[PDB]
Amino acid sequence: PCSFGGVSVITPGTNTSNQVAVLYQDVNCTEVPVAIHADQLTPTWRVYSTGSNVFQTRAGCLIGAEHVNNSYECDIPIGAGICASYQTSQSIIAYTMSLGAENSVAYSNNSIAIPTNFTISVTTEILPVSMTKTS
Amino acid sequence: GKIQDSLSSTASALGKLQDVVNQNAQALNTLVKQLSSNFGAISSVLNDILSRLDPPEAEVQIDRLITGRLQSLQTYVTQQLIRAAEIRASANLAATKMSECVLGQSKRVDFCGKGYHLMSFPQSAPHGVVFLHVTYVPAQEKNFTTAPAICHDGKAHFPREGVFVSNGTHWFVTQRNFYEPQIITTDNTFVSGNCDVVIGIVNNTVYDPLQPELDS
Amino acid sequence: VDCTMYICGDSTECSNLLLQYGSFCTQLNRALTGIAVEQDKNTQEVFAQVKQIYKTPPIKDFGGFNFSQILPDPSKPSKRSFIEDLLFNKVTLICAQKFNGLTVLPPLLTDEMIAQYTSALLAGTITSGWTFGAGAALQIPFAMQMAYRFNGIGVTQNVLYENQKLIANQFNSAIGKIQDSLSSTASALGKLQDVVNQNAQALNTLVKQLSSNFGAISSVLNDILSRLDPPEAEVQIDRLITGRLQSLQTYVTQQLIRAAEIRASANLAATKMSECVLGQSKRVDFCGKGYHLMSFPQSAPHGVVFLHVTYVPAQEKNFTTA
Ligand SMILES: *[C@@H]1O[C@H](CO[C@@H]2O[C@@H](C)[C@@H](O[C@@H]3O[C@H](CO)[C@H](O)[C@H](O)[C@H]3O[C@@H]3O[C@@H](C)[C@@H](O)[C@@H](O)[C@@H]3O)[C@@H](O)[C@@H]2O)[C@@H](O[C@@H]2O[C@H](CO)[C@@H](O[C@@H]3O[C@H](CO)[C@@H](O)[C@H](O)[C@@H]3O)[C@H](O)[C@H]2NC(C)=O)[C@H](O)[C@H]1NC(C)=O
Ligand SMILES: *[C@@H]1O[C@H](CO)[C@@H](O[C@@H]2O[C@H](CO)[C@@H](O[C@@H]3O[C@H](CO[C@H]4O[C@H](CO)[C@@H](O)[C@H](O)[C@@H]4O)[C@@H](O)[C@H](O[C@H]4O[C@H](CO)[C@@H](O)[C@H](O)[C@@H]4O)[C@@H]3O)[C@H](O)[C@H]2NC(C)=O)[C@H](O)[C@H]1NC(C)=O
Ligand SMILES: *[C@@H]1O[C@H](CO)[C@@H](O[C@@H]2O[C@H](CO)[C@@H](O[C@@H]3O[C@H](CO[C@H]4O[C@H](CO)[C@@H](O)[C@H](O)[C@@H]4O)[C@@H](O)[C@H](O[C@H]4O[C@H](CO)[C@@H](O)[C@H](O)[C@@H]4O)[C@@H]3O)[C@H](O)[C@H]2NC(C)=O)[C@H](O)[C@H]1NC(C)=O
Ligand SMILES: *[C@@H]1O[C@H](CO)[C@@H](O[C@@H]2O[C@H](CO)[C@@H](O[C@@H]3O[C@H](CO[C@H]4O[C@H](CO)[C@@H](O)[C@H](O)[C@@H]4O)[C@@H](O)[C@H](O[C@H]4O[C@H](CO)[C@@H](O)[C@H](O)[C@@H]4O)[C@@H]3O)[C@H](O)[C@H]2NC(C)=O)[C@H](O)[C@H]1NC(C)=O
Ligand SMILES: *[C@@H]1O[C@H](CO)[C@@H](O[C@@H]2O[C@H](CO)[C@@H](O[C@@H]3O[C@H](CO)[C@@H](O)[C@H](O)[C@@H]3O)[C@H](O)[C@H]2NC(C)=O)[C@H](O[C@@H]2O[C@@H](C)[C@@H](O)[C@@H](O)[C@@H]2O)[C@H]1NC(C)=O
Ligand SMILES: *[C@@H]1O[C@H](CO)[C@@H](O[C@@H]2O[C@H](CO)[C@@H](O[C@@H]3O[C@H](CO)[C@@H](O)[C@H](O)[C@@H]3O)[C@H](O)[C@H]2NC(C)=O)[C@H](O)[C@H]1NC(C)=O
Ligand SMILES: *[C@@H]1O[C@H](CO)[C@@H](O[C@@H]2O[C@H](CO)[C@@H](O[C@@H]3O[C@H](CO)[C@@H](O)[C@H](O)[C@@H]3O)[C@H](O)[C@H]2NC(C)=O)[C@H](O)[C@H]1NC(C)=O
Ligand SMILES: *[C@@H]1O[C@H](CO)[C@@H](O[C@@H]2O[C@H](CO)[C@@H](O[C@@H]3O[C@H](CO)[C@@H](O)[C@H](O)[C@@H]3O)[C@H](O)[C@H]2NC(C)=O)[C@H](O)[C@H]1NC(C)=O
Ligand SMILES: *[C@@H]1O[C@H](CO)[C@@H](O)[C@H](O)[C@H]1NC(C)=O
Ligand SMILES: *[C@@H]1O[C@H](CO)[C@@H](O)[C@H](O)[C@H]1NC(C)=O
Ligand SMILES: *[C@@H]1O[C@H](CO)[C@@H](O)[C@H](O)[C@H]1NC(C)=O
């Protein structure tokens, strides 16, 4: 099958900025320029149709996002263990989500950790109970 | 107080109820808007078909419109039934939480909030409930050397309730969830067999509380 | 599923005819997106339950208890335990449906991340018991942790301190037996295989439905267009669109029902993980048969496997009581 696939726009809150990234699902970055025909408004669409900041993910090809070797908590789920955020000059970056912070318990066969204080923690849990009874 | 802020500062705190309302509104809007589709007919207005065309073909036009509208209604009703089943499951979960978390103390882990659950408070909201779970959480932890048992006179002594800890040289017995060291005695410890089988046993002296009274 | 491409194959006339039916394609796309988001959320709740990524000590001396069959094996390219690797191997073409606008989408969390989460949970429970499941992780010897768990089920801790060797030997023997049973039994993972087969069969039926004439002269849009004039091609394409739309609606309804069932199953699995792996549950027959002691989590393709370790009386003697 020639190619085909979906096109998605990754954009943060409009209050933050307006720049966006374009993801073409399950397609190599080589065919992206011809996959959209480049017959659009001269800036913007052509800018997001190609450029230096092009990343090849298992979920597809991403354009308009800067690949960073760092790992942060997932903000915008891209897929295949990869996410995107707006962290920086602020721009759009793509990274691999980190499954929390590393830890190592000092386990020993003759040592036990006992609490010396305490805290009263109050948390909220919201649950729907019903809906509108439309007729 | 923080809870109040947690609702005022965060706009998406009530995301579940708002999402449910938005989904219902979108479904209703799509259902009402579906009436504007021709469904293959010349026009989507019954009056237009009746006036423009004679009964012969108006019959088939109305049949096509009826088929389209009936299909839309069936799809909407199926979606509503699925959503109602999901909401019934959610309501059953909420009722179970109210019965267990609010009307009593639940030993289930992570059920009524995070940590050692203490008490739940219910609050209402548009088509939803909010449980405020107050729980006990350890804050400061200190590590001490510990032993599984203690030998005093050739007999292994195990804590009645708690754990043996050592602040370096001395030895004490303290409750598991709080550091309250106590002098090891026969009242808070019990004997079970000799002290040549337990692995890791540590020698120490068990203070008998009867001796001071006998001496005096 | 691409509703437009699926119903109409690169046919401008077919797309124009379908445009008069309303916005069913948008409804189906929204339903599929919601199903995918629900699957991702279910996976997150089931697995993403611990923040800190705990790691086992370099030296594994737990008083005789052996956890090799459940701990990750760094020797293999994938950091997964022997049981996890066996589960992955024992479960087994979907990409062969990428011909009629049927995308498969990527899972949000890779198998590596799920394995890492399982390993972190195992390390936390082994080195800290249930303390890490309620607050700051507190270290404790495994022997004392098992003594605590025995005390939880109404048995004096002295029994463990007297028969630690026997208990460790029994635990290792049971781990070996369960590993052998999983290896030698191909029906152990019936649920996941059945779910995969159901999904594959549904997709196969959906794609095969495109070959049905649905009362039209032919099942190929191009053939109808070439062999008929617009006046008749219109009705033929309309009938084909109606049939394909009905098939798509049926498939989407079935997918929604399956997604609801899987969401219920995932909620149950998450509850079991919270109440068994992270702590001791007094509920009868919840975390396995017998007096529940503890549980070990493992990851399998689109599923979880709980190894419930429980205490069971073995020998009983008659006595006279008052
Ligand atoms: C526990 O008991 C049950 C119940 O049956 C038993 O039958 C006999 C053995 C009884 O023996 C008494 O034991 C008491 C202490 O445990 C008591 O202190 C006495 O020592 C003894 O009775 C006294 O002494 C004898 C010598 C005599 O003088 C009596 O007059 C005295 O009072 C007692 O344990 C108990 O009732 C066992 O399960 C089975 O229960 C059956 C009845 O429900 C019993 O009868 C039949 O046995 C035939 C044998 O072929 C079976 O085919 C049949 O189905 C039925 O079972 C069984 O004998 C008995 N045992 C078995 C193996 O079926 C149980 O085995 C026993 N032990 C344990 C570990 O539970
Ligand atoms: C591990 O934990 C143990 C137990 O707490 C520590 O050992 C004790 O440490 C405390 C504090 O350092 C000592 O407290 C002392 O008490 C003296 C009076 O106690 C009388 O009885 C003891 C026997 O139990 C006699 O040895 C002693 O001479 C007394 O007759 C005080 O005189 C000491 O100085 C000041 O404190 C007291 C507090 O009331 C004042 O009233 C005094 O007037 C004086 O000004 C001191 O406070 C205690 O004696 C130690 N032993 C015991 C058995 O409790 C270890 O030090 C600790 N180790 C580590 C590494 O942390
Ligand atoms: C905790 O549990 C683990 C796993 O159960 C132990 O690690 C080893 O586990 C295997 C299980 O039998 C054993 O080691 C393996 O033995 C295979 C043959 O069995 C004999 O081999 C040894 C050495 O020749 C004999 O002395 C002994 O009598 C065994 O009966 C070997 O073939 C293995 O080598 C490689 O090939 C096999 C082929 O099937 C693979 O399956 C293996 O994984 C391996 O890649 C292997 O040597 C033995 O019981 C355990 N120890 C060792 C050193 O192998 C841990 O020892 C145990 N305790 C801990 C971890 O503290
Ligand atoms: C509570 O229940 C537990 C078990 O659930 C009991 O512990 C078991 O006791 C039996 C009998 O004492 C053990 O079985 C015996 O083990 C002997 C040790 O052999 C070692 O090597 C073999 C090699 O295969 C291992 O399988 C075995 O586990 C040992 O590591 C064997 O030698 C025995 O076989 C022969 O024994 C005598 C000689 O001593 C012969 O005369 C016999 O004819 C027989 O052929 C026998 O197999 C069993 O291993 C124990 N369990 C465990 C986990 O070790 C407790 O005793 C019981 N407690 C009470 C109070 O009832
Ligand atoms: C009580 O627990 C504390 C920490 O929880 C022990 O101190 C040491 O803290 C370190 C903090 O992470 C532990 O990890 C270390 O991290 C550093 C990097 O920051 C590494 O370089 C190092 O190799 C460790 O991995 C460490 O395990 C922990 N214990 C150590 C270092 O021994 C504390 O230990 C006490 O202090 C140290 C300095 C030694 O003197 C210990 O003998 C001593 O017990 C723990 N104490 C007890 C009694 O358990
Ligand atoms: C266990 O934790 C509690 C708090 O979680 C400790 O009590 C708190 O201790 C802090 C530090 O002393 C107090 O803060 C102080 O407040 C005064 C004003 O009252 C201020 O002048 C100081 O500069 C300092 O900020 C705090 O008020 C107090 N209470 C609370 C509710 O926080 C307690 O001491 C701990 N116990 C042990 C044994 O460590
Ligand atoms: C916890 O782990 C420590 C090690 O991290 C264990 O310490 C070990 O204890 C054994 C038994 O006491 C020592 O065996 C040695 O045997 C020789 C010859 O019989 C004897 O002369 C020594 O005095 C000693 O007993 C072993 O050397 C020792 N290891 C280390 C590194 O010190 C400890 O037993 C474990 N269990 C507990 C409850 O602490
Ligand atoms: C805890 O206390 C007990 C008893 O007070 C200690 O037992 C002692 O163990 C030593 C050997 O480790 C024994 O020494 C040898 O005993 C044998 C058999 O009695 C004897 O034939 C030898 O000539 C030698 O004396 C000792 O007798 C035994 N009892 C006493 C009172 O010392 C135990 O060692 C202590 N544990 C620790 C960790 O210190
Ligand atoms: C963004 O800014 C506008 C106006 O300032 C307003 O909508 C709001 O304050 C901000 N947030 C959103 C979601 O619009
Ligand atoms: C297309 O991308 C895949 C990775 O998904 C890569 O293996 C392959 O070599 C690429 N092909 C071309 C022509 O770039
Ligand atoms: C990331 O690491 C690779 C090595 O695998 C390196 O080639 C690349 O330059 C690094 N990029 C950044 C932004 O650090």
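Counting starts at 1 for both ligands and their atoms, in listed order. Every chain is numbered from 1 and lettered A, B, ... according to where its sequence line falls, protein lines coming before strand lines.
- Pocket lining of ligand 6, defined as residues with a non-hydrogen atom under 4.0 Å away: A:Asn117, B:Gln140.
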Point to revise | Audit row: C:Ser81, C:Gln298, side-chain hydrogen bond (donor to acceptor under 3.5 Å, both in side chains) steps and yes/no | key: CA-CA 8 Å; C:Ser81 60; C:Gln298 304 281 278; 2.6 Å; yes
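- In this structure, C:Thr131 contributes its side chain and C:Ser128 its backbone to a donor-acceptor pair below 3.5 Å.
- Distances from atom 6 (C) of ligand 1 to the protein include no heavy-atom value under 4.0 Å.
- Nearest heavy-atom pair, A:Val105 versus C:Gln139, reported as atom, atom and distance to 0.1 Å: CG1-CB, 3.7 Å.
- For atom 70 (O) of ligand 1, a protein non-hydrogen atom is found at a distance below 4.0 Å.
- In this structure, atom 9 (C) of ligand 1 has no protein heavy-atom contact shorter than 4.0 Å.
- Shown here, atom 46 (C) of ligand 1 is out of close reach of the protein: none of its heavy atoms lies under 4.0 Å off.
- Heavy atoms from other residues, nucleotides or ligands lying under 6.0 Å from NZ of C:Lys60 number more than 12.
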Exercise for review: Apply the test side-chain hydrogen bond (donor to acceptor under 3.5 Å, both in side chains) to residues C:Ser274 and C:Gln49: give CA-CA distance (whole Å), side-chain angles for both, the deciding distance (0.1 Å), then the verdict.
Suggested key: CA-CA 8 Å; C:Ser274 281; C:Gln49 289 212 354; 3.0 Å; yes
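- Annotation for C:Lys90: atom NZ counts as buried by contact number, over 12 foreign heavy atoms lying within 6.0 Å.
- Closer than 4.0 Å to atom 56 (O) of ligand 1 lies none of the heavy atoms of the protein.
- Counting protein heavy atoms under 4.0 angstrom from atom 30 (O) of ligand 2 gives zero.
- Looking only at heavy atoms of the protein, atom 65 (O) of ligand 1 is closest to C:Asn318 ND2, 4.9 Å.
- In this structure, B:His117 and B:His133 have perpendicular ring planes: the angle between them is above 60°, well past the 30° mark.
- Other residues, nucleotides and ligands contribute more than 12 heavy atoms inside 6.0 Å of the CG atom of B:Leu103.
- Under a cutoff of 6.0 Å and an axis angle of 45°, B:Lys97 and B:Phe111 form a cation-pi pair.
- Ranking protein heavy atoms by distance to atom 8 (C) of ligand 2, first place goes to B:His170 CE1, 4.4 Å.
- There is a protein heavy atom less than 4.0 angstrom from atom 67 (N) of ligand 1.
- No more than 12 heavy atoms of other residues, nucleotides or ligands lie within 6.0 Å of NZ in C:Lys282, so this atom counts as exposed by the packing criterion.
- Of all heavy-atom pairs between B:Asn194 and B:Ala156, the closest is O-CB, 3.3 Å.
- Shown here, atom 61 (O) of ligand 2 is in close reach of the protein: a heavy atom of it lies under 4.0 Å off.
- For atom 56 (O) of ligand 2, the protein comes within 4.0 Å by no heavy atom at all.
- For the side chain to side chain contact (heavy atoms under 4.5 Å, CB included) with B:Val206, the qualifying choice from B:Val191, B:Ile184, B:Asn188 is B:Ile184, the only one to do so.
- Here the side chain of B:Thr96 pairs a donor or acceptor atom with the backbone of B:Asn92 at under 3.5 angstrom.
- Distances from atom 3 (C) of ligand 2 to the protein include at least one heavy-atom value under 4.0 Å.
- Panel note: side chain B:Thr135, backbone B:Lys114; a donor-acceptor pair is recorded below 3.5 Å.
- Of the protein's heavy atoms, at least one falls inside 4.0 Å of atom 53 (C) of ligand 2.
- In summary, the atoms of ligand 2 found under 4.0 Å from a heavy atom of B:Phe172, numbered by their order in the structure, are 2 (O), 4 (C).
- When the shell of 6.0 Å around CZ of C:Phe306 is examined, it contains more than 12 heavy atoms from other residues, nucleotides or ligands.
- Distances from atom 10 (C) of ligand 2 to the protein include no heavy-atom value under 4.0 Å.
- Protein heavy atoms all stay at least 4.0 Å away from atom 26 (C) of ligand 1.
- Looking at B:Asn167 next to ligand 2, an N or O pair under 3.5 Å apart turns up.
- When hydrogens are left out, the protein atom nearest atom 18 (O) of ligand 1 is C:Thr320 OG1, 5.0 Å; that is the closest non-hydrogen contact.
- Of the protein's heavy atoms, none falls inside 4.0 Å of atom 33 (C) of ligand 2.
- No more than 12 heavy-atom neighbours from other residues, nucleotides or ligands sit within 6.0 angstrom of CD on B:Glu161.
- Inside a 4.0 Å radius of atom 50 (C) of ligand 2 there is not any protein heavy atom.
- For atom 3 (C) of ligand 1, the nearest protein heavy atom is under 4.0 Å away.
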